[PDB]
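Residue-level listing of the chains:
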Amino acid sequence: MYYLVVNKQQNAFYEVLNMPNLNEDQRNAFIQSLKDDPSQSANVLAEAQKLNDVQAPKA
C-alpha cells in the first residue's frame, strides 16, 4: 500500500486481468500478489497471460 508496491504492479493488474477468458479466481491471488510486491508483479502478469489461456478453449 505504501512500501509494498511501486511501478510494474499497476501494469501487472491489467495483465492479471489480461483477457475475458479469465477474470475470476486467478486474479484473486494475483491481484493480491501485485499489492504484495511489484518486483514479483511481473510474475502475476507473466502468468496472467498463461492463466487466461490456461482456461481459454476458444481461439
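Quick note: structure is the one above.
Numbers given to residues start from 1 along each chain, in the order its sequence is written, and need not follow the entry; residues that have no coordinates are not shown. Side-chain numbers here rest on the full set of heavy atoms in the structure, without hydrogens or water.

1. Observations concerning the overall build of the protein
And step 1. A helix here means a DSSP run of H or I that spans at least four residues, while a strand means a run of E at least two residues long, and both kinds are numbered starting from the N terminus. Per the secondary structure count, the protein includes three helices and zero strands.
And step 2. From first element to last, N terminus to C terminus, the protein shows the α and β order α-α-α.
And step 3. Computation of the radius of gyration draws on C-alpha atoms alone. For the globule rule, the value is 2.2 Å times the number of residues to the power 0.38. Relative to a compact globule of 59 residues, whose C-alpha radius of gyration would be 10 Å, the protein shows 11 Å and is just as compact.
And step 4. Along the first, second and third principal axes, the C-alpha atoms of the protein reach 40 × 15 × 10 Å.
And step 5. Note on classification: 1.4 Å probe, protein chains only; a residue is buried when its accessible area is under 20% of the maximum for its type, exposed when over 50%, partly exposed between these limits. The burial tally for the protein puts 25% of its 59 residues in the buried class.
And step 6. Approximately 4500 Å² of the protein is accessible, and the part contributed by carbon and sulfur atoms is 50%. Per-residue and other accessible areas follow the Shrake-Rupley method at a 1.4 Å probe size, with only the shown protein chains counted as cover for residues.

2. Considering the nonpolar core
And step 1. Nonpolar core, defined: a set of buried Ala, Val, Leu, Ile, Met, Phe, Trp, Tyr and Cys residues in which side-chain atoms within 4.5 Å join the residues together. Counting residues in hydrophobic clusters, the biggest one holds nine residues: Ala12, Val16, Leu22, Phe30, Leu34, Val44, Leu45, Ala48 and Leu51.
And step 2. The set of elements that each furnish at least two residues to this core consists of α1 (9-17), α2 (26-36) and α3 (41-54).
And step 3. When checking whether two residues touch, look at their non-hydrogen atoms; a contact exists if any pair is within 4.5 Å. Those residues in contact with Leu51, other than ones at most four positions away along the chain, are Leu22, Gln26, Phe30 and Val44.

3. Some points on unusual backbone geometry
And step 1. One non-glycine residue, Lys8, lies in positive phi territory at about 70°.
And step 2. Along the polypeptide, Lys8 turns up in the segment before α1.
And step 3. One non-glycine residue, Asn23, lies in positive phi territory at about 95°.
And step 4. Along the polypeptide, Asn23 turns up in the loop between α1 and α2.
And step 5. Judged by its relative accessible area of 42%, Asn23 is partly exposed.

4. Describing the pattern of salt bridges
And step 1. The working definition used for a salt bridge is a side-chain nitrogen of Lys or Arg within 4 Å of a carboxyl oxygen of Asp or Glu. Here the structure, examined in full by the defined rule, presents one salt bridge.
And step 2. A salt bridge links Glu47 to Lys50, with the nearest nitrogen and oxygen atoms 3.3 Å apart. Highlighted residues: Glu47 and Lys50, both in helix α3, separated by three residues, approximately one helical turn.
And step 3. Given a relative accessible area of 43%, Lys50 falls into the partly exposed group.

Such coordinate-based values are descriptive only and should not be taken to indicate function.
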